[PDB]
>>> print(open('protein_20.pdb').read())   # PDB, N, CA and C atoms and all ligand atoms
ATOM      1  N   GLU A  75       6.270   1.341  16.094  1.00  0.00           N
ATOM      2  CA  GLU A  75       6.797   0.073  15.579  1.00  0.00           C
ATOM      3  C   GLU A  75       6.097  -1.140  16.184  1.00  0.00           C
ATOM      4  N   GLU A  76       5.625  -2.018  15.306  1.00  0.00           N
ATOM      5  CA  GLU A  76       4.877  -3.212  15.678  1.00  0.00           C
ATOM      6  C   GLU A  76       5.797  -4.428  15.650  1.00  0.00           C
ATOM      7  N   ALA A  77       5.647  -5.298  16.649  1.00  0.00           N
ATOM      8  CA  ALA A  77       6.497  -6.480  16.734  1.00  0.00           C
ATOM      9  C   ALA A  77       6.150  -7.500  15.648  1.00  0.00           C
ATOM     10  N   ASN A  78       7.189  -7.988  14.996  1.00  0.00           N
ATOM     11  CA  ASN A  78       7.092  -9.085  14.052  1.00  0.00           C
ATOM     12  C   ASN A  78       6.571 -10.332  14.759  1.00  0.00           C
ATOM     13  N   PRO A  79       5.423 -10.872  14.360  1.00  0.00           N
ATOM     14  CA  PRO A  79       4.879 -12.026  15.082  1.00  0.00           C
ATOM     15  C   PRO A  79       5.606 -13.328  14.809  1.00  0.00           C
ATOM     16  N   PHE A  80       6.317 -13.445  13.687  1.00  0.00           N
ATOM     17  CA  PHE A  80       7.002 -14.687  13.320  1.00  0.00           C
ATOM     18  C   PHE A  80       8.400 -14.354  12.826  1.00  0.00           C
ATOM     19  N   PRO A  81       9.291 -13.948  13.735  1.00  0.00           N
ATOM     20  CA  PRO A  81      10.600 -13.451  13.309  1.00  0.00           C
ATOM     21  C   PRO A  81      11.563 -14.546  12.887  1.00  0.00           C
ATOM     22  N   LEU A  82      11.243 -15.820  13.140  1.00  0.00           N
ATOM     23  CA  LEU A  82      12.128 -16.917  12.760  1.00  0.00           C
ATOM     24  C   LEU A  82      11.714 -17.444  11.386  1.00  0.00           C
ATOM     25  N   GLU A  83      12.555 -17.177  10.396  1.00  0.00           N
ATOM     26  CA  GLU A  83      12.363 -17.646   9.031  1.00  0.00           C
ATOM     27  C   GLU A  83      11.026 -17.203   8.451  1.00  0.00           C
ATOM     28  N   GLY A  84      10.477 -16.111   8.981  1.00  0.00           N
ATOM     29  CA  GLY A  84       9.251 -15.547   8.481  1.00  0.00           C
ATOM     30  C   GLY A  84       8.001 -16.331   8.793  1.00  0.00           C
ATOM     31  N   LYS A  85       8.089 -17.416   9.566  1.00  0.00           N
ATOM     32  CA  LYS A  85       6.902 -18.232   9.805  1.00  0.00           C
ATOM     33  C   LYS A  85       6.853 -18.900  11.174  1.00  0.00           C
ATOM     34  N   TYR A  86       7.908 -18.772  11.991  1.00  0.00           N
ATOM     35  CA  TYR A  86       7.938 -19.346  13.335  1.00  0.00           C
ATOM     36  C   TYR A  86       8.222 -18.273  14.380  1.00  0.00           C
ATOM     37  N   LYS A  87       7.747 -18.528  15.604  1.00  0.00           N
ATOM     38  CA  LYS A  87       7.936 -17.596  16.713  1.00  0.00           C
ATOM     39  C   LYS A  87       9.339 -17.696  17.295  1.00  0.00           C
ATOM     40  N   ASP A  88       9.868 -18.919  17.353  1.00  0.00           N
ATOM     41  CA  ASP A  88      11.125 -19.277  17.992  1.00  0.00           C
ATOM     42  C   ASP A  88      11.339 -20.772  17.746  1.00  0.00           C
ATOM     43  N   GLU A  89      12.417 -21.347  18.286  1.00  0.00           N
ATOM     44  CA  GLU A  89      12.775 -22.715  17.909  1.00  0.00           C
ATOM     45  C   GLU A  89      11.767 -23.744  18.420  1.00  0.00           C
ATOM     46  N   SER A  90      11.202 -23.558  19.619  1.00  0.00           N
ATOM     47  CA  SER A  90      10.281 -24.584  20.095  1.00  0.00           C
ATOM     48  C   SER A  90       8.986 -24.548  19.300  1.00  0.00           C
ATOM     49  N   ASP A  91       8.591 -23.358  18.834  1.00  0.00           N
ATOM     50  CA  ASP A  91       7.446 -23.245  17.943  1.00  0.00           C
ATOM     51  C   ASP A  91       7.726 -23.930  16.612  1.00  0.00           C
ATOM     52  N   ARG A  92       8.923 -23.730  16.061  1.00  0.00           N
ATOM     53  CA  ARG A  92       9.296 -24.434  14.844  1.00  0.00           C
ATOM     54  C   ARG A  92       9.203 -25.941  15.036  1.00  0.00           C
ATOM     55  N   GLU A  93       9.804 -26.456  16.118  1.00  0.00           N
ATOM     56  CA  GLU A  93       9.796 -27.895  16.352  1.00  0.00           C
ATOM     57  C   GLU A  93       8.378 -28.410  16.502  1.00  0.00           C
ATOM     58  N   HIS A  94       7.527 -27.638  17.166  1.00  0.00           N
ATOM     59  CA  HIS A  94       6.130 -28.041  17.318  1.00  0.00           C
ATOM     60  C   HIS A  94       5.428 -28.134  15.966  1.00  0.00           C
ATOM     61  N   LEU A  95       5.485 -27.066  15.170  1.00  0.00           N
ATOM     62  CA  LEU A  95       4.822 -27.103  13.871  1.00  0.00           C
ATOM     63  C   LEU A  95       5.363 -28.236  13.015  1.00  0.00           C
ATOM     64  N   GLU A  96       6.674 -28.443  13.046  1.00  0.00           N
ATOM     65  CA  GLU A  96       7.272 -29.474  12.219  1.00  0.00           C
ATOM     66  C   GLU A  96       6.897 -30.870  12.690  1.00  0.00           C
ATOM     67  N   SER A  97       6.386 -31.009  13.913  1.00  0.00           N
ATOM     68  CA  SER A  97       5.927 -32.300  14.411  1.00  0.00           C
ATOM     69  C   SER A  97       4.465 -32.585  14.093  1.00  0.00           C
ATOM     70  N   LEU A  98       3.718 -31.602  13.593  1.00  0.00           N
ATOM     71  CA  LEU A  98       2.296 -31.785  13.361  1.00  0.00           C
ATOM     72  C   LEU A  98       2.036 -32.582  12.092  1.00  0.00           C
ATOM     73  N   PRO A  99       0.840 -33.150  11.955  1.00  0.00           N
ATOM     74  CA  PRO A  99       0.462 -33.743  10.669  1.00  0.00           C
ATOM     75  C   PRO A  99       0.451 -32.689   9.572  1.00  0.00           C
ATOM     76  N   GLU A 100       0.616 -33.156   8.333  1.00  0.00           N
ATOM     77  CA  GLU A 100       0.736 -32.245   7.196  1.00  0.00           C
ATOM     78  C   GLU A 100      -0.424 -31.248   7.128  1.00  0.00           C
ATOM     79  N   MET A 101      -1.670 -31.730   7.215  1.00  0.00           N
ATOM     80  CA  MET A 101      -2.810 -30.829   7.038  1.00  0.00           C
ATOM     81  C   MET A 101      -2.801 -29.714   8.074  1.00  0.00           C
ATOM     82  N   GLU A 102      -2.540 -30.063   9.332  1.00  0.00           N
ATOM     83  CA  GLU A 102      -2.508 -29.062  10.386  1.00  0.00           C
ATOM     84  C   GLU A 102      -1.363 -28.090  10.163  1.00  0.00           C
ATOM     85  N   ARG A 103      -0.174 -28.607   9.831  1.00  0.00           N
ATOM     86  CA  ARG A 103       0.975 -27.728   9.628  1.00  0.00           C
ATOM     87  C   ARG A 103       0.721 -26.753   8.483  1.00  0.00           C
ATOM     88  N   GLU A 104       0.222 -27.253   7.347  1.00  0.00           N
ATOM     89  CA  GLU A 104       0.031 -26.373   6.197  1.00  0.00           C
ATOM     90  C   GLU A 104      -1.084 -25.367   6.458  1.00  0.00           C
ATOM     91  N   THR A 105      -2.082 -25.743   7.268  1.00  0.00           N
ATOM     92  CA  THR A 105      -3.132 -24.798   7.632  1.00  0.00           C
ATOM     93  C   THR A 105      -2.563 -23.673   8.487  1.00  0.00           C
ATOM     94  N   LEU A 106      -1.789 -24.021   9.512  1.00  0.00           N
ATOM     95  CA  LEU A 106      -1.187 -22.990  10.351  1.00  0.00           C
ATOM     96  C   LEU A 106      -0.223 -22.111   9.559  1.00  0.00           C
ATOM     97  N   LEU A 107       0.562 -22.692   8.640  1.00  0.00           N
ATOM     98  CA  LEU A 107       1.461 -21.853   7.841  1.00  0.00           C
ATOM     99  C   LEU A 107       0.685 -20.907   6.940  1.00  0.00           C
ATOM    100  N   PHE A 108      -0.448 -21.361   6.396  1.00  0.00           N
ATOM    101  CA  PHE A 108      -1.304 -20.449   5.646  1.00  0.00           C
ATOM    102  C   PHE A 108      -1.821 -19.319   6.536  1.00  0.00           C
ATOM    103  N   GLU A 109      -2.375 -19.664   7.702  1.00  0.00           N
ATOM    104  CA  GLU A 109      -2.809 -18.641   8.653  1.00  0.00           C
ATOM    105  C   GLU A 109      -1.706 -17.620   8.903  1.00  0.00           C
ATOM    106  N   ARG A 110      -0.492 -18.107   9.161  1.00  0.00           N
ATOM    107  CA  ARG A 110       0.612 -17.217   9.483  1.00  0.00           C
ATOM    108  C   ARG A 110       1.026 -16.363   8.291  1.00  0.00           C
ATOM    109  N   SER A 111       0.925 -16.898   7.073  1.00  0.00           N
ATOM    110  CA  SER A 111       1.260 -16.091   5.907  1.00  0.00           C
ATOM    111  C   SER A 111       0.295 -14.923   5.766  1.00  0.00           C
ATOM    112  N   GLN A 112      -0.964 -15.102   6.182  1.00  0.00           N
ATOM    113  CA  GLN A 112      -1.918 -13.992   6.162  1.00  0.00           C
ATOM    114  C   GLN A 112      -1.551 -12.946   7.205  1.00  0.00           C
ATOM    115  N   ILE A 113      -1.248 -13.404   8.421  1.00  0.00           N
ATOM    116  CA  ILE A 113      -0.837 -12.507   9.494  1.00  0.00           C
ATOM    117  C   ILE A 113       0.373 -11.690   9.058  1.00  0.00           C
ATOM    118  N   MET A 114       1.344 -12.350   8.420  1.00  0.00           N
ATOM    119  CA  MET A 114       2.574 -11.684   8.014  1.00  0.00           C
ATOM    120  C   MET A 114       2.343 -10.680   6.887  1.00  0.00           C
ATOM    121  N   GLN A 115       1.428 -10.983   5.956  1.00  0.00           N
ATOM    122  CA  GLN A 115       1.100 -10.011   4.919  1.00  0.00           C
ATOM    123  C   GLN A 115       0.520  -8.740   5.533  1.00  0.00           C
ATOM    124  N   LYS A 116      -0.389  -8.895   6.504  1.00  0.00           N
ATOM    125  CA  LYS A 116      -0.985  -7.734   7.153  1.00  0.00           C
ATOM    126  C   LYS A 116       0.057  -6.967   7.955  1.00  0.00           C
ATOM    127  N   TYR A 117       0.946  -7.686   8.651  1.00  0.00           N
ATOM    128  CA  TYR A 117       2.041  -7.043   9.372  1.00  0.00           C
ATOM    129  C   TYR A 117       2.919  -6.243   8.424  1.00  0.00           C
ATOM    130  N   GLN A 118       3.280  -6.838   7.286  1.00  0.00           N
ATOM    131  CA  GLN A 118       4.175  -6.157   6.352  1.00  0.00           C
ATOM    132  C   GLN A 118       3.475  -4.981   5.675  1.00  0.00           C
ATOM    133  N   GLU A 119       2.183  -5.130   5.370  1.00  0.00           N
ATOM    134  CA  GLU A 119       1.419  -4.013   4.825  1.00  0.00           C
ATOM    135  C   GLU A 119       1.412  -2.832   5.794  1.00  0.00           C
ATOM    136  N   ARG A 120       1.154  -3.093   7.083  1.00  0.00           N
ATOM    137  CA  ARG A 120       1.135  -2.009   8.062  1.00  0.00           C
ATOM    138  C   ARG A 120       2.512  -1.371   8.200  1.00  0.00           C
ATOM    139  N   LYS A 121       3.567  -2.180   8.107  1.00  0.00           N
ATOM    140  CA  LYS A 121       4.923  -1.651   8.190  1.00  0.00           C
ATOM    141  C   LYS A 121       5.232  -0.747   7.004  1.00  0.00           C
ATOM    142  N   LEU A 122       4.793  -1.147   5.811  1.00  0.00           N
ATOM    143  CA  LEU A 122       4.945  -0.312   4.626  1.00  0.00           C
ATOM    144  C   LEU A 122       4.215   1.017   4.793  1.00  0.00           C
ATOM    145  N   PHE A 123       2.968   0.964   5.255  1.00  0.00           N
ATOM    146  CA  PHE A 123       2.210   2.198   5.418  1.00  0.00           C
ATOM    147  C   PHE A 123       2.860   3.110   6.458  1.00  0.00           C
ATOM    148  N   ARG A 124       3.409   2.540   7.533  1.00  0.00           N
ATOM    149  CA  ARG A 124       4.122   3.358   8.514  1.00  0.00           C
ATOM    150  C   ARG A 124       5.328   4.049   7.889  1.00  0.00           C
ATOM    151  N   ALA A 125       6.090   3.328   7.067  1.00  0.00           N
ATOM    152  CA  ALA A 125       7.233   3.937   6.395  1.00  0.00           C
ATOM    153  C   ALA A 125       6.798   5.091   5.496  1.00  0.00           C
ATOM    154  N   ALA A 126       5.664   4.941   4.804  1.00  0.00           N
ATOM    155  CA  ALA A 126       5.206   5.972   3.878  1.00  0.00           C
ATOM    156  C   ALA A 126       4.690   7.206   4.602  1.00  0.00           C
ATOM    157  N   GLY A 127       4.164   7.029   5.814  1.00  0.00           N
ATOM    158  CA  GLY A 127       3.636   8.128   6.591  1.00  0.00           C
ATOM    159  C   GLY A 127       4.677   8.937   7.316  1.00  0.00           C
ATOM    160  N   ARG A 128       5.946   8.559   7.195  1.00  0.00           N
ATOM    161  CA  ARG A 128       7.037   9.326   7.783  1.00  0.00           C
ATOM    162  C   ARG A 128       7.601  10.342   6.791  1.00  0.00           C
TER
HETATM  163 NA    NA B   1      14.436 -26.063  16.276  1.00  0.00          NA
END
>>> encode(input="protein_20.pdb", output="structure tokens", more="lines below")
Ligand code: NA
Amino acid sequence: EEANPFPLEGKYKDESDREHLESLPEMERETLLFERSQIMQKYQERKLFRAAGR
């Protein structure tokens, strides 16, 4: 089992990370959220494959 990298609302690490991202300029925030959506897709893909291999 692999740890969920962004367990808060699917895109934040924890509350201080949320507050930090929400304080950034729009371009930076949307770039980081895009980065994280890629990380989360790969995490979820690996989780699916683990379920299928059981
Ligand atoms: Na918060």
>>> residues_around(input="protein_20.pdb", residues="residue 92 in chain A", least_positions_apart="4", cutoff="12 Å", atoms="only C-alpha atoms", output="PyMOL selection string")
chain A and resi 80-88+96-98+103+106-107
>>> closest_atom_pairs(input="protein_20.pdb", of="chain A", to="ligand NA 1 (chain B)", cutoff="6 Å", atoms="only C-alpha atoms and all ligand atoms", output="Markdown table")
| residue | atom | partner | partner_atom | distance |
| --- | --- | --- | --- | --- |
| A:89 | CA | B:NA1 | NA | 4.1 |
| A:90 | CA | B:NA1 | NA | 5.8 |
| A:92 | CA | B:NA1 | NA | 5.6 |
| A:93 | CA | B:NA1 | NA | 5.0 |
>>> resolve_selection(input="protein_20.pdb", expression="the PyMOL selection byres (((chain A and resi 75 and name CA) around 12) and not hetatm and name CA)", output="list in words")
residues 76, 77, 78, 117, 118, 120, 121, 122, 123, 124 and 125 of chain A
>>> select_by_dssp(input="protein_20.pdb", residues="range 76-112 of chain A", states="alpha helix (DSSP H)", output="PDB file with N, CA and C atoms, in the coordinates of the input")
ATOM      1  N   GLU A  89      12.417 -21.347  18.286  1.00  0.00           N
ATOM      2  CA  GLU A  89      12.775 -22.715  17.909  1.00  0.00           C
ATOM      3  C   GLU A  89      11.767 -23.744  18.420  1.00  0.00           C
ATOM      4  N   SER A  90      11.202 -23.558  19.619  1.00  0.00           N
ATOM      5  CA  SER A  90      10.281 -24.584  20.095  1.00  0.00           C
ATOM      6  C   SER A  90       8.986 -24.548  19.300  1.00  0.00           C
ATOM      7  N   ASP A  91       8.591 -23.358  18.834  1.00  0.00           N
ATOM      8  CA  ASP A  91       7.446 -23.245  17.943  1.00  0.00           C
ATOM      9  C   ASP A  91       7.726 -23.930  16.612  1.00  0.00           C
ATOM     10  N   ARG A  92       8.923 -23.730  16.061  1.00  0.00           N
ATOM     11  CA  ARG A  92       9.296 -24.434  14.844  1.00  0.00           C
ATOM     12  C   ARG A  92       9.203 -25.941  15.036  1.00  0.00           C
ATOM     13  N   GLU A  93       9.804 -26.456  16.118  1.00  0.00           N
ATOM     14  CA  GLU A  93       9.796 -27.895  16.352  1.00  0.00           C
ATOM     15  C   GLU A  93       8.378 -28.410  16.502  1.00  0.00           C
ATOM     16  N   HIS A  94       7.527 -27.638  17.166  1.00  0.00           N
ATOM     17  CA  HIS A  94       6.130 -28.041  17.318  1.00  0.00           C
ATOM     18  C   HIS A  94       5.428 -28.134  15.966  1.00  0.00           C
ATOM     19  N   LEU A  95       5.485 -27.066  15.170  1.00  0.00           N
ATOM     20  CA  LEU A  95       4.822 -27.103  13.871  1.00  0.00           C
ATOM     21  C   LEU A  95       5.363 -28.236  13.015  1.00  0.00           C
ATOM     22  N   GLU A  96       6.674 -28.443  13.046  1.00  0.00           N
ATOM     23  CA  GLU A  96       7.272 -29.474  12.219  1.00  0.00           C
ATOM     24  C   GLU A  96       6.897 -30.870  12.690  1.00  0.00           C
ATOM     25  N   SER A  97       6.386 -31.009  13.913  1.00  0.00           N
ATOM     26  CA  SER A  97       5.927 -32.300  14.411  1.00  0.00           C
ATOM     27  C   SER A  97       4.465 -32.585  14.093  1.00  0.00           C
ATOM     28  N   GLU A 100       0.616 -33.156   8.333  1.00  0.00           N
ATOM     29  CA  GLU A 100       0.736 -32.245   7.196  1.00  0.00           C
ATOM     30  C   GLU A 100      -0.424 -31.248   7.128  1.00  0.00           C
ATOM     31  N   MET A 101      -1.670 -31.730   7.215  1.00  0.00           N
ATOM     32  CA  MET A 101      -2.810 -30.829   7.038  1.00  0.00           C
ATOM     33  C   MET A 101      -2.801 -29.714   8.074  1.00  0.00           C
ATOM     34  N   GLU A 102      -2.540 -30.063   9.332  1.00  0.00           N
ATOM     35  CA  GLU A 102      -2.508 -29.062  10.386  1.00  0.00           C
ATOM     36  C   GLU A 102      -1.363 -28.090  10.163  1.00  0.00           C
ATOM     37  N   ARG A 103      -0.174 -28.607   9.831  1.00  0.00           N
ATOM     38  CA  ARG A 103       0.975 -27.728   9.628  1.00  0.00           C
ATOM     39  C   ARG A 103       0.721 -26.753   8.483  1.00  0.00           C
ATOM     40  N   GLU A 104       0.222 -27.253   7.347  1.00  0.00           N
ATOM     41  CA  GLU A 104       0.031 -26.373   6.197  1.00  0.00           C
ATOM     42  C   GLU A 104      -1.084 -25.367   6.458  1.00  0.00           C
ATOM     43  N   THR A 105      -2.082 -25.743   7.268  1.00  0.00           N
ATOM     44  CA  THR A 105      -3.132 -24.798   7.632  1.00  0.00           C
ATOM     45  C   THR A 105      -2.563 -23.673   8.487  1.00  0.00           C
ATOM     46  N   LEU A 106      -1.789 -24.021   9.512  1.00  0.00           N
ATOM     47  CA  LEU A 106      -1.187 -22.990  10.351  1.00  0.00           C
ATOM     48  C   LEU A 106      -0.223 -22.111   9.559  1.00  0.00           C
ATOM     49  N   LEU A 107       0.562 -22.692   8.640  1.00  0.00           N
ATOM     50  CA  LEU A 107       1.461 -21.853   7.841  1.00  0.00           C
ATOM     51  C   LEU A 107       0.685 -20.907   6.940  1.00  0.00           C
ATOM     52  N   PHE A 108      -0.448 -21.361   6.396  1.00  0.00           N
ATOM     53  CA  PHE A 108      -1.304 -20.449   5.646  1.00  0.00           C
ATOM     54  C   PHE A 108      -1.821 -19.319   6.536  1.00  0.00           C
ATOM     55  N   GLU A 109      -2.375 -19.664   7.702  1.00  0.00           N
ATOM     56  CA  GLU A 109      -2.809 -18.641   8.653  1.00  0.00           C
ATOM     57  C   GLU A 109      -1.706 -17.620   8.903  1.00  0.00           C
ATOM     58  N   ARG A 110      -0.492 -18.107   9.161  1.00  0.00           N
ATOM     59  CA  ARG A 110       0.612 -17.217   9.483  1.00  0.00           C
ATOM     60  C   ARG A 110       1.026 -16.363   8.291  1.00  0.00           C
ATOM     61  N   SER A 111       0.925 -16.898   7.073  1.00  0.00           N
ATOM     62  CA  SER A 111       1.260 -16.091   5.907  1.00  0.00           C
ATOM     63  C   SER A 111       0.295 -14.923   5.766  1.00  0.00           C
ATOM     64  N   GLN A 112      -0.964 -15.102   6.182  1.00  0.00           N
ATOM     65  CA  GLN A 112      -1.918 -13.992   6.162  1.00  0.00           C
ATOM     66  C   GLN A 112      -1.551 -12.946   7.205  1.00  0.00           C
TER      67      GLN A 112
END
>>> atom_distance(input="protein_20.pdb", atom1="CA of residue 127 in chain A", atom2="CA of residue 79 in chain A")
21.9 Å
>>> atom_distance(input="protein_20.pdb", atom1="atom N of residue 101 in chain A", atom2="atom C of residue 116 in chain A")
24.8 Å
>>> atom_distance(input="protein_20.pdb", atom1="CA of residue 128 in chain A", atom2="CA of residue 114 in chain A")
21.5 Å
>>> build_atoms(input="protein_20.pdb", residues="range 114-125 of chain A", atoms="N, CA, C and O atoms", output="PDB file, in the frame of the given file")
ATOM      1  N   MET A 114       1.344 -12.350   8.420  1.00  0.00           N
ATOM      2  CA  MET A 114       2.574 -11.684   8.014  1.00  0.00           C
ATOM      3  C   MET A 114       2.343 -10.680   6.887  1.00  0.00           C
ATOM      4  O   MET A 114       3.014  -9.637   6.839  1.00  0.00           O
ATOM      5  N   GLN A 115       1.428 -10.983   5.956  1.00  0.00           N
ATOM      6  CA  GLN A 115       1.100 -10.011   4.919  1.00  0.00           C
ATOM      7  C   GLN A 115       0.520  -8.740   5.533  1.00  0.00           C
ATOM      8  O   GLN A 115       0.875  -7.622   5.131  1.00  0.00           O
ATOM      9  N   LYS A 116      -0.389  -8.895   6.504  1.00  0.00           N
ATOM     10  CA  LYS A 116      -0.985  -7.734   7.153  1.00  0.00           C
ATOM     11  C   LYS A 116       0.057  -6.967   7.955  1.00  0.00           C
ATOM     12  O   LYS A 116       0.066  -5.728   7.944  1.00  0.00           O
ATOM     13  N   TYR A 117       0.946  -7.686   8.651  1.00  0.00           N
ATOM     14  CA  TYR A 117       2.041  -7.043   9.372  1.00  0.00           C
ATOM     15  C   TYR A 117       2.919  -6.243   8.424  1.00  0.00           C
ATOM     16  O   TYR A 117       3.268  -5.089   8.703  1.00  0.00           O
ATOM     17  N   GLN A 118       3.280  -6.838   7.286  1.00  0.00           N
ATOM     18  CA  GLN A 118       4.175  -6.157   6.352  1.00  0.00           C
ATOM     19  C   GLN A 118       3.475  -4.981   5.675  1.00  0.00           C
ATOM     20  O   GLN A 118       4.096  -3.934   5.427  1.00  0.00           O
ATOM     21  N   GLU A 119       2.183  -5.130   5.370  1.00  0.00           N
ATOM     22  CA  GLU A 119       1.419  -4.013   4.825  1.00  0.00           C
ATOM     23  C   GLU A 119       1.412  -2.832   5.794  1.00  0.00           C
ATOM     24  O   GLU A 119       1.653  -1.685   5.393  1.00  0.00           O
ATOM     25  N   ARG A 120       1.154  -3.093   7.083  1.00  0.00           N
ATOM     26  CA  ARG A 120       1.135  -2.009   8.062  1.00  0.00           C
ATOM     27  C   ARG A 120       2.512  -1.371   8.200  1.00  0.00           C
ATOM     28  O   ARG A 120       2.627  -0.149   8.380  1.00  0.00           O
ATOM     29  N   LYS A 121       3.567  -2.180   8.107  1.00  0.00           N
ATOM     30  CA  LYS A 121       4.923  -1.651   8.190  1.00  0.00           C
ATOM     31  C   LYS A 121       5.232  -0.747   7.004  1.00  0.00           C
ATOM     32  O   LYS A 121       5.852   0.315   7.162  1.00  0.00           O
ATOM     33  N   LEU A 122       4.793  -1.147   5.811  1.00  0.00           N
ATOM     34  CA  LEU A 122       4.945  -0.312   4.626  1.00  0.00           C
ATOM     35  C   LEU A 122       4.215   1.017   4.793  1.00  0.00           C
ATOM     36  O   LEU A 122       4.763   2.093   4.505  1.00  0.00           O
ATOM     37  N   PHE A 123       2.968   0.964   5.255  1.00  0.00           N
ATOM     38  CA  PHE A 123       2.210   2.198   5.418  1.00  0.00           C
ATOM     39  C   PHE A 123       2.860   3.110   6.458  1.00  0.00           C
ATOM     40  O   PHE A 123       2.889   4.332   6.281  1.00  0.00           O
ATOM     41  N   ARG A 124       3.409   2.540   7.533  1.00  0.00           N
ATOM     42  CA  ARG A 124       4.122   3.358   8.514  1.00  0.00           C
ATOM     43  C   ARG A 124       5.328   4.049   7.889  1.00  0.00           C
ATOM     44  O   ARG A 124       5.585   5.225   8.161  1.00  0.00           O
ATOM     45  N   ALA A 125       6.090   3.328   7.067  1.00  0.00           N
ATOM     46  CA  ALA A 125       7.233   3.937   6.395  1.00  0.00           C
ATOM     47  C   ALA A 125       6.798   5.091   5.496  1.00  0.00           C
ATOM     48  O   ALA A 125       7.471   6.123   5.433  1.00  0.00           O
TER      49      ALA A 125
END
